[PDB]
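Chain nomenclature is as follows: A, B, C, D, E, F and G, assigned in order of appearance, with residue numbering initiated at 1 for each chain independently.
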Amino acid sequence: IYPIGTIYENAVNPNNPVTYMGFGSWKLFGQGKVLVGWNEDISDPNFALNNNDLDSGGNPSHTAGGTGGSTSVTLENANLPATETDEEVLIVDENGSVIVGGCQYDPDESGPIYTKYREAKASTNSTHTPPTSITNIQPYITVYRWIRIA
Amino acid sequence: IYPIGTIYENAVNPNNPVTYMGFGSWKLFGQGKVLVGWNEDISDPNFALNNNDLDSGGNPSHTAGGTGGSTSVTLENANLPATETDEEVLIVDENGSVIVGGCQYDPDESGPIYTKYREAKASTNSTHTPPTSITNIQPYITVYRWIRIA
Amino acid sequence: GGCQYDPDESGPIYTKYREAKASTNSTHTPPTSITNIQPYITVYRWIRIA
Amino acid sequence: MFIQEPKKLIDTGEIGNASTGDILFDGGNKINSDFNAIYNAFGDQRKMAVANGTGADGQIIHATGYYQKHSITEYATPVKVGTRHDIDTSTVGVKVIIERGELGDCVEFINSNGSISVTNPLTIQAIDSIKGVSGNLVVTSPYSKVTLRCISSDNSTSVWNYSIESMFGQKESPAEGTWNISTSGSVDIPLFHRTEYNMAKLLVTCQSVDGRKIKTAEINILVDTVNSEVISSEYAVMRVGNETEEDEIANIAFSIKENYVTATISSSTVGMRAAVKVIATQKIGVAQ
Amino acid sequence: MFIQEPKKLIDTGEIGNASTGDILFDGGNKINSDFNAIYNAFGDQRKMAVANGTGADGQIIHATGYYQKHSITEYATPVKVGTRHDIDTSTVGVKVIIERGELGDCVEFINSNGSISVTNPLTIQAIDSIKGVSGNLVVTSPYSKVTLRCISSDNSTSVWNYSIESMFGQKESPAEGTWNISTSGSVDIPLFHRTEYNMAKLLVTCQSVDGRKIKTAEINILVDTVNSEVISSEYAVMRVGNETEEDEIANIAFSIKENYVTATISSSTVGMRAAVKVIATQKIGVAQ
Amino acid sequence: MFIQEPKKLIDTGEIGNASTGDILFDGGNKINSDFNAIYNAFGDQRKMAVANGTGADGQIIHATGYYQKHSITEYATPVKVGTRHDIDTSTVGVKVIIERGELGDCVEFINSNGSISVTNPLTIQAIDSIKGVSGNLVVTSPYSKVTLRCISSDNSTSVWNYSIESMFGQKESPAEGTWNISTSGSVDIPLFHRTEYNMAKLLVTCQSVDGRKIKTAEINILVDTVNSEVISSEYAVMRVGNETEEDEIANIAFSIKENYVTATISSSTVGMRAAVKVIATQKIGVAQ
Amino acid sequence: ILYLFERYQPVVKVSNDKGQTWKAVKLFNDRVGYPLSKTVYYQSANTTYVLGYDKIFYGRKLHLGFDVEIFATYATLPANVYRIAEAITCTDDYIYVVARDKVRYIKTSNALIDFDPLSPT
């Protein structure tokens, strides 16, 4: 029923199964790790090969036991879709149609002040460095996972 | 073989296990919930301490049963990495250039050889309030999951 | 709106703009995707089919 | 990388029955953009920073096509399939990240100067998979040719088997063919013009009309230049319908005839199919 | 298969001196059809059943070109030369019947998923002949590439020699070149980065400046990973200007130097041209 | 050779706000010329002497592209890169003089009928250099393919490495792959459909999971048709982690299973990576 | 349409009909400039070629509703005279402009000559 390699789950019992089962050499396992079907395929970027079992060439074996996964994620630029302002803005342009820069005042100060607009991008959220992360964790529950080592 | 608190899962059978098994007091369990190894290392933020079992001071018991996680995620500003326009533009600007109308343009012609502008912080997706969420759910299958209450 | 100054300035500074909404990450097409997968390990799962 | 739109076609229900200029004002936008992809495909997209592919300096079509050279910043984005690229990693090793493709989707790439090394490797992400390649394939080969082909797309699964080839070299076989050993029991086959190779290696298979007697040997030859000869080494002999452990099912003789290396394949057995195939050759050029 | 017309060009003697709309109403018909061939060539002609190659979903140009996928019903008609096709015979073996071609006429075809088998063969009729092929050639090869080229057209005779290639694999040679054995009588040649191959096979030919002494051996090497060595097997030795049955005209030594498999070719004879050519290699990847 | 201009694009600021005919009268000149390059690329430029690529006889696009055939008088001028040419030197040996190219510049050429010989050689000048070629390369090969690629342009220096390939033949490998020797210590691998080859040659490398034990042998096989067998010759044996001079690190056995030549590779050692690679094959067709 | 314009300001009073009611538009980029002789434009074939204080607008013919001209610059021609160059002559295939004795001409087909990275553009 529980051959070597068997994952047992009891929920409310912290104890070693051999305590409550009276059997087996039991070891906690996969903690904070979900259990997903390891794909027999070599196709799956995830469940095909085992990250942990690598060869001399660092190549993952075709096996279960691959590990990974992330609880949360922070956003970076490359992930952000093309976006734009929601109104038109005066756009620094070499060849453009909006001509400007001709008028005196300067000294002479007697010339009244036209507001002098310069030339670069406007940063957005320059204070998030990095920004707040988002969690990757879907609804769950914590459970006492027991693999029988022997 | 099924001590109380054992998590059983039959794939297709909706029935109480005691129906097809003949034994046990079974409760449906972990619906819309993934089972994830609970850690005896308290450092696991989710899966070590049990959120639902708290002490009087609300310290989560270090026990299985910690729950949490979200099916989908709506993005927010705090998550946004440093960003700026894909072009150069005017961001008032101070020092700069921009002009008023020598010949000091007054009435008709009104619109032409004249441009009305305003200054403020340029909105993007201002109408996303909130924006649309992204799902946090990874590939799954719904299953009948029975915990044995007795 | 423009002066032109007058003729004969050493300051004939001119920039010619265009007016449009200002794009961002136009090079992200689509943006770089983000993974949805939380911590795990791979196992051999079996259904008893009989 | 100058971005292309797909084909964008004009309405003829427009024009003579509608406002001429407008419907045309639109059409040019198509046409202009339309040729852009064309010339951007077969010419440098860095010619758009030029007169936008216009003028004599403008993008030209290459019947051979053009392998588009760019910065890494552009390949820092998943690069679409169907594209020919030329990038030289002498500056640094790069990843070329590729979109999830479709069955049949190709990605052609080269390093012309062959700057690719281990010091100048080349990483590639074609989304969700590349057949035979766990994770991202790295390419250290100078004068290699990166050709990806997506052999499965399906739903999410872009499966890219992978071909790569040295952009240069002598890849030809001077002599390959098949014939039947004559009623005379032999023939003379010009192999290559006697000057074409200092070394060659070929494989002859002499098989009976009914296929029961089939002769095979491992042919290694040294072309003798001064003597106008060819020196052979035969070994690893294999047979099927051999009736004798001696020369059997046929015989293999060599010569240089008519400025051709000429093999003379003699079979005592009539009706013997002999396929002459030169698998590998060698010739000496200049030093360096 | 979306049918293309040939190039169809506009009259400029029209337009400003004639009725604008009409002469243009005609021109679009050209232009529209004109780009169609273009995009139908380099994109899926099944995108015509779409918005007719228009829109973002519309046919796009592939600098690599596109191998047109279709039903068999369409290939049930002689298919024109110059076309790139991708068909997968998993459904069934097909005949691809081809028109009588012209000298130089090409037909490119592939099975991307490699579904081609004996259970999924591929028959071809190129009219009146295919060189080397009596009747219709059948193709059982997965991940093959069907390339026909009409090497004679003449009057009635469309002669198609035939090339076919595995769409994938490692086809490169790590080291091929030629040099002259130094006044030192030897050198060290980086062959490949020591990690690139578990096995390689090369052919060196050491020939005197006057060509009279030319050395040849059959080089089979086992790259030793852990020991950073390379194990050789030499045999089938052949010579011309050999003055001694011992090592003569040159010597062949091996090593791994600078993360390169490094052959050290030593000749007591000065002025010896040695062409180093690696004919075949092998490396081990992941299982499956 | 019909000369092409580069891309030449229309002004849309014209048209509806300007004189319609004129701005269009210009645009056609572009468009007409614009498609010309296109069709001249993928179709015979000698179709311009025809209705100028117009009509059903007009230049058509070849998804395969067209190798432009011409007189020598035209190639008597430096011929631009990017072009596909087909010329047959049966008339005479020719020089094809090529402009100074750019890094990445390609020149594709073929002789379809293979008339190229020593009596029909082919000379090439690509300006200032061709890598590996001192002076002008000559080509005597029938059914060859002339492909130049300019691997350095720099300032004055157009460096052309050179690739050439037989336009035809059987270039495929029936079986190439890699696997790990099973807990059973062996497997059976279909190599090719038993009928595909009379001869094959492959290379298997059996390497331990930790890479210390790696097995190599030289595999020469004779497919036995009547007996449905395959006869092997193994020699030049090489090892690394061999613990015994006998069969070690693995074993190599053969068979024909499921209409497949089937090699059975048995290793007493578990966790042995075996890469099965068929380097060369042979089959017999018809005489002549 | 009649086209009425100040010499320096790229500001164009338009007159559709024998002068009664007019409008103006910017319609010109930059500094329509300083012709001597009060002849700004020469129409050569389809192209109305006008001066600009810095530049040369090329002839090629909005919410007002009736068609007009809008000229971008053929380029900013002037070599080393920059401004002045009082006179503007475009014969077919030739622009001709002169300050003082130097006449400096351009070949206008599709412009025979363009400029590259060296600064200005």
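Methods note: contacts are C-beta pairs under 8 Å (C-beta built on N, C-alpha and C of every residue); 3 or more make two chains touch, one makes a residue touch a chain.
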| item | value |
| --- | --- |
| Selected interface, B-G versus A-D, where C-beta contact pairs are more numerous | B-G |
| Gap in Å, rounded to a whole number, between the CA centres of chain E and chain B | 50 |
| Mean-CA-position distance for chain F and chain C (Å) | 40 |
| Chain B and chain C, separation of their C-alpha mean positions in angstrom | 22 |
| Separation of mean Cα positions, chain F and chain A [Å, integer] | 43 |
| Set of chain E residues in contact with two or more other chains | 20, 24, 31, 38, 42, 65-67, 166, 169, 225, 235, 280, 284-288 |
| Numbers and ranges of chain A residues touching at least 2 other chains | 30, 32-35, 42, 49, 55-57, 59-60, 71, 75-78, 80, 83-87, 89-92, 94-95, 97-104, 119, 122, 124, 136-138 |
| For chain G, residues that touch 2 or more chains besides their own | 9-10, 29-31 |
| Which chain pairs touch, all of them | A-B, A-C, A-D, A-E, A-F, A-G, B-C, B-G, C-D, C-G, D-E, D-F, D-G, E-F, F-G |
| Partner chain E, residues of chain F touching it in the complex | 19-22, 24-25, 28-29, 31-32, 35-36, 38-39, 42-43, 47, 52-67, 69, 86, 88, 110, 112-114, 143, 166-174, 176, 178-180, 193, 196, 203, 205, 207, 211-212, 214, 216, 218, 235-241, 259, 273-275, 277, 279, 285-286 |
| Of chain D, residues touching chain A in the complex | 76-77, 128-129, 134-135, 157, 159 |
| Touching residues (chain side chain A, partner chain C) in the complex | 5, 7, 30, 32-39, 46-47, 50, 63-71, 73, 75-104, 106, 119, 122, 124, 136-138 |
| Chain A residues within the chain E interface of the complex | 42, 49, 55-57, 59-62 |
| Parts of chain A lying in touch with chain F, wherever the complex brings them together | 55-57 |
